[PDB]
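Dropping work-v3.cif in here (mmCIF, C-alpha atoms):
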data_run
#
loop_
_atom_site.group_PDB
_atom_site.id
_atom_site.type_symbol
_atom_site.label_atom_id
_atom_site.label_comp_id
_atom_site.auth_asym_id
_atom_site.auth_seq_id
_atom_site.Cartn_x
_atom_site.Cartn_y
_atom_site.Cartn_z
ATOM 1 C CA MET A 1 -15.776 -5.618 -14.894
ATOM 2 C CA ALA A 2 -17.224 -6.981 -11.646
ATOM 3 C CA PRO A 3 -13.818 -7.454 -9.832
ATOM 4 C CA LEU A 4 -12.410 -4.303 -8.228
ATOM 5 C CA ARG A 5 -9.456 -3.293 -5.995
ATOM 6 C CA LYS A 6 -7.441 -6.165 -7.487
ATOM 7 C CA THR A 7 -4.272 -4.586 -8.887
ATOM 8 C CA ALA A 8 -0.553 -5.370 -9.009
ATOM 9 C CA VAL A 9 1.978 -3.082 -7.308
ATOM 10 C CA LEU A 10 5.473 -2.282 -8.610
ATOM 11 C CA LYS A 11 8.036 -0.591 -6.334
ATOM 12 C CA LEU A 12 10.863 1.587 -7.627
ATOM 13 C CA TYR A 13 13.853 2.430 -5.462
ATOM 14 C CA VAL A 14 15.697 5.459 -6.809
ATOM 15 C CA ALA A 15 17.871 8.398 -5.808
ATOM 16 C CA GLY A 16 16.602 11.958 -6.212
ATOM 17 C CA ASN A 17 19.712 13.356 -7.904
ATOM 18 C CA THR A 18 21.144 11.156 -10.660
ATOM 19 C CA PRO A 19 19.638 11.799 -14.157
ATOM 20 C CA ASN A 20 19.532 8.059 -14.897
ATOM 21 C CA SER A 21 17.516 7.625 -11.702
ATOM 22 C CA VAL A 22 15.317 10.688 -12.217
ATOM 23 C CA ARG A 23 14.473 9.808 -15.840
ATOM 24 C CA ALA A 24 13.959 6.137 -14.880
ATOM 25 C CA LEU A 25 10.592 7.047 -13.382
ATOM 26 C CA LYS A 26 9.597 8.711 -16.650
ATOM 27 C CA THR A 27 10.500 5.636 -18.739
ATOM 28 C CA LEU A 28 8.712 3.248 -16.354
ATOM 29 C CA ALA A 29 5.581 5.400 -16.110
ATOM 30 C CA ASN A 30 5.358 5.882 -19.895
ATOM 31 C CA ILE A 31 5.203 2.141 -20.634
ATOM 32 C CA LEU A 32 2.788 1.348 -17.791
ATOM 33 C CA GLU A 33 0.553 4.384 -18.433
ATOM 34 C CA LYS A 34 -0.272 3.340 -22.005
ATOM 35 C CA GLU A 35 0.270 -0.422 -22.431
ATOM 36 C CA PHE A 36 -0.748 -1.636 -18.945
ATOM 37 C CA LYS A 37 -2.872 1.138 -17.413
ATOM 38 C CA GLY A 38 -5.264 0.274 -14.590
ATOM 39 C CA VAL A 39 -3.463 -3.011 -13.973
ATOM 40 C CA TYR A 40 -0.241 -1.990 -12.225
ATOM 41 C CA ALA A 41 0.154 0.639 -9.511
ATOM 42 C CA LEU A 42 3.549 2.264 -9.030
ATOM 43 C CA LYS A 43 5.274 3.007 -5.710
ATOM 44 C CA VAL A 44 8.508 5.025 -5.549
ATOM 45 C CA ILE A 45 10.949 5.368 -2.649
ATOM 46 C CA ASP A 46 13.811 7.885 -2.544
ATOM 47 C CA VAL A 47 16.837 6.275 -0.864
ATOM 48 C CA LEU A 48 18.436 9.714 -0.385
ATOM 49 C CA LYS A 49 15.495 10.898 1.728
ATOM 50 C CA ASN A 50 14.917 7.793 3.844
ATOM 51 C CA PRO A 51 18.065 5.558 3.794
ATOM 52 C CA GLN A 52 16.682 3.150 6.413
ATOM 53 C CA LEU A 53 13.889 2.097 4.004
ATOM 54 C CA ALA A 54 16.498 0.658 1.631
ATOM 55 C CA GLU A 55 18.156 -1.162 4.534
ATOM 56 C CA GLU A 56 14.817 -2.667 5.587
ATOM 57 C CA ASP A 57 14.256 -4.117 2.108
ATOM 58 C CA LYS A 58 17.959 -5.085 1.914
ATOM 59 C CA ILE A 59 18.513 -2.946 -1.193
ATOM 60 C CA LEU A 60 21.943 -1.331 -1.620
ATOM 61 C CA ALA A 61 21.639 -0.437 -5.316
ATOM 62 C CA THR A 62 19.395 1.772 -7.471
ATOM 63 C CA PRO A 63 17.350 1.972 -9.537
ATOM 64 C CA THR A 64 15.744 -1.258 -8.294
ATOM 65 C CA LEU A 65 12.310 -2.605 -9.246
ATOM 66 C CA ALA A 66 10.484 -4.683 -6.642
ATOM 67 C CA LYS A 67 7.380 -6.742 -7.407
ATOM 68 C CA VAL A 68 4.831 -6.779 -4.577
ATOM 69 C CA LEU A 69 1.802 -8.375 -6.227
ATOM 70 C CA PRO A 70 0.956 -10.901 -7.343
ATOM 71 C CA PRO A 71 3.165 -13.049 -5.023
ATOM 72 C CA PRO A 72 5.611 -14.651 -4.705
ATOM 73 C CA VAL A 73 7.453 -11.316 -4.690
ATOM 74 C CA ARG A 74 10.326 -10.732 -7.128
ATOM 75 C CA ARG A 75 13.336 -8.413 -7.294
ATOM 76 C CA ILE A 76 14.522 -6.853 -10.557
ATOM 77 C CA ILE A 77 17.910 -5.129 -10.756
ATOM 78 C CA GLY A 78 19.206 -3.579 -13.962
ATOM 79 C CA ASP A 79 19.284 -0.564 -16.259
ATOM 80 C CA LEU A 80 15.799 0.968 -16.152
ATOM 81 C CA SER A 81 16.971 3.919 -18.263
ATOM 82 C CA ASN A 82 16.598 1.714 -21.343
ATOM 83 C CA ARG A 83 12.914 1.645 -22.324
ATOM 84 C CA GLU A 84 13.461 -1.501 -24.433
ATOM 85 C CA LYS A 85 14.430 -3.718 -21.490
ATOM 86 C CA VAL A 86 11.775 -2.134 -19.274
ATOM 87 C CA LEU A 87 9.014 -2.853 -21.800
ATOM 88 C CA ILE A 88 10.304 -6.410 -22.198
ATOM 89 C CA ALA A 89 10.351 -7.046 -18.435
ATOM 90 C CA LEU A 90 6.874 -5.551 -17.954
ATOM 91 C CA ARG A 91 5.428 -7.467 -20.918
ATOM 92 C CA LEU A 92 6.539 -10.769 -19.355
ATOM 93 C CA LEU A 93 4.892 -9.738 -16.074
ATOM 94 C CA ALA A 94 1.662 -8.940 -17.940
ATOM 95 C CA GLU A 95 1.483 -12.448 -19.386
ATOM 96 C CA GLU A 96 2.015 -13.964 -15.936
ATOM 97 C CA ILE A 97 -0.831 -11.956 -14.373
ATOM 98 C CA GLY A 98 -3.085 -12.502 -17.395
ATOM 99 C CA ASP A 99 -2.890 -16.281 -17.053
ATOM 100 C CA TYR A 100 -4.779 -16.542 -13.764
ATOM 101 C CA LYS A 101 -7.795 -18.727 -12.981
ATOM 102 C CA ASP A 102 -9.973 -18.902 -9.865
ATOM 103 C CA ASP A 103 -9.885 -22.424 -8.371
ATOM 104 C CA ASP A 104 -8.877 -24.114 -11.643
ATOM 105 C CA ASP A 105 -7.855 -27.274 -9.716
ATOM 106 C CA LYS A 106 -6.816 -29.152 -12.868
ATOM 107 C CA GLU B 1 -4.725 11.644 -19.071
ATOM 108 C CA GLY B 2 -5.619 9.122 -16.385
ATOM 109 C CA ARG B 3 -2.465 9.421 -14.284
ATOM 110 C CA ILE B 4 -2.951 10.281 -10.599
ATOM 111 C CA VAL B 5 -0.132 10.757 -8.067
ATOM 112 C CA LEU B 6 -0.692 10.056 -4.377
ATOM 113 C CA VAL B 7 1.774 11.281 -1.765
ATOM 114 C CA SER B 8 1.517 9.930 1.791
ATOM 115 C CA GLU B 9 3.785 8.275 4.371
ATOM 116 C CA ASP B 10 1.019 5.797 5.262
ATOM 117 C CA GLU B 11 1.305 2.844 2.875
ATOM 118 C CA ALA B 12 -1.974 1.209 4.015
ATOM 119 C CA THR B 13 -4.152 4.147 2.911
ATOM 120 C CA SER B 14 -2.070 4.581 -0.239
ATOM 121 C CA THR B 15 -2.456 0.912 -1.227
ATOM 122 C CA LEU B 16 -6.257 1.104 -0.951
ATOM 123 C CA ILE B 17 -6.385 4.352 -2.943
ATOM 124 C CA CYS B 18 -4.092 2.998 -5.659
ATOM 125 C CA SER B 19 -6.140 -0.191 -6.044
ATOM 126 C CA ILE B 20 -9.549 1.540 -6.199
ATOM 127 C CA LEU B 21 -8.544 4.133 -8.829
ATOM 128 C CA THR B 22 -6.661 1.612 -11.011
ATOM 129 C CA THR B 23 -9.629 -0.704 -11.366
ATOM 130 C CA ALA B 24 -11.653 2.324 -12.466
ATOM 131 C CA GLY B 25 -9.322 2.858 -15.435
ATOM 132 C CA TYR B 26 -6.957 5.328 -13.756
ATOM 133 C CA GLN B 27 -3.260 4.881 -12.960
ATOM 134 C CA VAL B 28 -2.026 5.805 -9.489
ATOM 135 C CA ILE B 29 1.614 6.475 -8.686
ATOM 136 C CA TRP B 30 2.694 6.689 -5.051
ATOM 137 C CA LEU B 31 5.590 9.052 -4.440
ATOM 138 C CA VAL B 32 7.302 9.845 -1.156
ATOM 139 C CA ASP B 33 7.070 13.442 0.095
ATOM 140 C CA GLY B 34 9.819 16.049 0.159
ATOM 141 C CA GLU B 35 10.641 15.549 -3.523
ATOM 142 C CA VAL B 36 8.979 18.176 -5.737
ATOM 143 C CA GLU B 37 11.175 17.236 -8.719
ATOM 144 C CA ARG B 38 9.790 13.693 -8.510
ATOM 145 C CA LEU B 39 6.271 15.149 -8.632
ATOM 146 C CA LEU B 40 7.257 17.231 -11.673
ATOM 147 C CA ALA B 41 8.870 14.183 -13.309
ATOM 148 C CA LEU B 42 5.558 12.325 -13.145
ATOM 149 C CA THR B 43 3.295 15.427 -13.520
ATOM 150 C CA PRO B 44 -0.232 13.931 -13.210
ATOM 151 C CA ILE B 45 -3.683 15.363 -13.895
ATOM 152 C CA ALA B 46 -4.276 15.661 -10.153
ATOM 153 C CA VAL B 47 -2.175 15.363 -6.997
ATOM 154 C CA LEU B 48 -3.499 13.624 -3.890
ATOM 155 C CA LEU B 49 -1.905 14.517 -0.557
ATOM 156 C CA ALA B 50 -2.857 12.341 2.416
ATOM 157 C CA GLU B 51 -2.187 13.598 5.942
ATOM 158 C CA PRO B 52 -0.356 13.496 8.195
ATOM 159 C CA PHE B 53 3.049 14.510 6.804
ATOM 160 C CA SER B 54 6.075 14.039 9.063
ATOM 161 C CA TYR B 55 8.791 14.731 6.469
ATOM 162 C CA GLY B 56 7.267 17.874 4.984
ATOM 163 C CA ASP B 57 4.734 20.682 5.265
ATOM 164 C CA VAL B 58 1.326 20.302 3.571
ATOM 165 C CA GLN B 59 1.142 24.016 2.712
ATOM 166 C CA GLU B 60 4.720 23.963 1.392
ATOM 167 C CA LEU B 61 3.997 21.201 -1.135
ATOM 168 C CA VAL B 62 0.806 22.922 -2.287
ATOM 169 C CA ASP B 63 2.605 26.260 -2.728
ATOM 170 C CA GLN B 64 5.549 24.659 -4.549
ATOM 171 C CA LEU B 65 3.215 22.814 -6.937
ATOM 172 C CA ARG B 66 1.334 26.067 -7.637
ATOM 173 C CA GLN B 67 4.598 27.850 -8.484
ATOM 174 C CA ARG B 68 5.703 25.188 -10.982
ATOM 175 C CA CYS B 69 2.315 24.141 -12.388
ATOM 176 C CA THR B 70 -0.733 26.270 -13.180
ATOM 177 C CA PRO B 71 -4.046 25.586 -11.329
ATOM 178 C CA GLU B 72 -5.835 25.037 -14.652
ATOM 179 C CA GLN B 73 -3.376 22.311 -15.681
ATOM 180 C CA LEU B 74 -2.810 20.564 -12.340
ATOM 181 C CA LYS B 75 -5.378 20.034 -9.580
ATOM 182 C CA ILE B 76 -4.546 19.474 -5.905
ATOM 183 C CA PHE B 77 -6.644 17.409 -3.475
ATOM 184 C CA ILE B 78 -6.016 16.786 0.235
ATOM 185 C CA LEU B 79 -7.033 13.692 2.213
ATOM 186 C CA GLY B 80 -7.231 14.019 5.987
ATOM 187 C CA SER B 81 -8.473 16.825 8.223
ATOM 188 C CA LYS B 82 -9.503 20.417 7.419
ATOM 189 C CA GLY B 83 -8.158 20.831 3.884
ATOM 190 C CA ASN B 84 -9.257 24.468 3.809
ATOM 191 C CA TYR B 85 -6.206 25.706 1.906
ATOM 192 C CA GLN B 86 -5.784 27.809 -1.237
ATOM 193 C CA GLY B 87 -4.942 26.012 -4.472
ATOM 194 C CA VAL B 88 -6.995 22.987 -3.439
ATOM 195 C CA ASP B 89 -9.993 22.055 -5.610
ATOM 196 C CA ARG B 90 -11.578 19.767 -3.007
ATOM 197 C CA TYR B 91 -10.681 18.071 0.274
ATOM 198 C CA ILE B 92 -11.462 14.524 1.401
ATOM 199 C CA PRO B 93 -11.938 14.161 5.210
ATOM 200 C CA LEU B 94 -11.079 10.921 7.038
ATOM 201 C CA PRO B 95 -12.220 8.317 7.602
ATOM 202 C CA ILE B 96 -13.056 7.895 3.918
ATOM 203 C CA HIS B 97 -15.373 5.485 2.140
ATOM 204 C CA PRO B 98 -14.557 3.748 -1.203
ATOM 205 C CA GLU B 99 -17.605 5.170 -2.982
ATOM 206 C CA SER B 100 -17.182 8.567 -1.309
ATOM 207 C CA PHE B 101 -13.530 8.943 -2.351
ATOM 208 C CA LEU B 102 -14.192 7.883 -5.957
ATOM 209 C CA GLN B 103 -17.213 10.190 -6.350
ATOM 210 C CA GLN B 104 -15.267 13.191 -5.028
ATOM 211 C CA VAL B 105 -12.342 12.454 -7.358
ATOM 212 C CA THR B 106 -14.655 11.967 -10.350
ATOM 213 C CA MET B 107 -16.531 15.217 -9.655
ATOM 214 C CA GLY B 108 -13.248 17.062 -9.123
ATOM 215 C CA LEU B 109 -12.154 15.905 -12.585
ATOM 216 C CA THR B 110 -14.848 18.150 -14.087
ATOM 217 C CA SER B 111 -12.457 21.018 -14.787
ATOM 218 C CA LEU B 112 -10.265 22.666 -17.448
ATOM 219 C CA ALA B 113 -11.445 21.232 -20.783
ATOM 220 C CA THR B 114 -13.289 18.261 -19.232
ATOM 221 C CA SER B 115 -11.936 15.988 -21.974
ATOM 222 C CA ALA B 116 -10.291 12.553 -21.806
ATOM 223 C CA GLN B 117 -7.663 13.548 -24.380
#
Just give me the structure of the file as structure tokens.
Amino acid sequence: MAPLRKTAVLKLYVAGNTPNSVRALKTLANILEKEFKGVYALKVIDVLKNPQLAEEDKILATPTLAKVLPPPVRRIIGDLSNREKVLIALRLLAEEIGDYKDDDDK
Amino acid sequence: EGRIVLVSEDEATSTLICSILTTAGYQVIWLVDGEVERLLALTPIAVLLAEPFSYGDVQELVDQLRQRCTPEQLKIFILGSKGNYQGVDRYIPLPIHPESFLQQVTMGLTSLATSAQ
């Protein structure tokens, strides 16, 4: 419990209008809140409020999940409305972050 | 009931806040301002607003949250300057310290039923 301020950040690009985009946040938050709480922080950007943000990250489709940490960064595009796929994608990410050693060398 | 939503245009402050609360067992979600529905969609136990806001009014967001959610169910905290507004449990002036921010948040959590679940 010694390590602190070491968390992974997930970015969600969505549109504040479409039900599949609005509810996407709810499905993503539900899985992360219970199964992987305190490990992943969530960041959400509304492309309808600040269009240039999407252009900066070269994203022309939503909902889009962007992985910030741990690097290298990854881009996930698909149907986030389906909790099944979302849980599956997040579970794989959990295993990747779990298998981390400090200066393993070998 | 460990979900906390932070709204601020400044990503640097938001990143630090998200990381400190998460490691403490809490989950922080950063949402962009101007979208009340998004706040409602992810209705947390407490809402953190960090100044300054260029795409919205601080008082407006506080008032809108009060109209949709009761003060006993949702708490509002403001990070920045002043913070002397109605509907706000406690304000956190800048610059902030890691220990200072966490202690204020923890103390502010002592409300409603004061229960984890």
Apply the PyMOL selection byres ((chain A) within 10 of (chain B)) to the displayed file and report the matching residues as a ChimeraX atom specification. /A:1-12,16-17,22-26,29-30,32-34,36-46,49-50
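If you count all atoms listed in the file and draw a sphere of 7 Å around (-2.2, 16.4, -16.2), the protein and nucleic acid residues inside it come out as residues 1, 43, 44, 45, 46, 73 and 74 of chain B.
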Gap from CA of residue 51 (chain B) to CA of residue 58 (chain A) - Å, one decimal: 27.8 Å
Selection near residue 65 (chain A), 9 Å with only C-alpha atoms, sequence-local residues under 5 positions removed, as a ChimeraX atom specification: /A:10-13,74-78,80
Do you know which residues the PyMOL selection byres ((chain B and resi 59) around 12) returns on this file, as a list in words?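 When the PyMOL selection byres ((chain B and resi 59) around 12) is applied to the shown file, the picked residues are residues 49, 51, 52, 53, 56, 57, 58, 60, 61, 62, 63, 64, 65, 66, 76, 77, 78, 83, 84, 85, 86, 87 and 88 of chain B.
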Just to confirm, what's the straight-line distance from CA of residue 95 (chain A) to CA of residue 67 (chain A) in Å (one decimal)?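 Computing the Euclidean distance for CA of residue 95 (chain A) and CA of residue 67 (chain A) yields 14.5 Å.
With CA of residue 92 (chain A) on one side and CA of residue 19 (chain A) on the other, the separation reads 26.6 Å.
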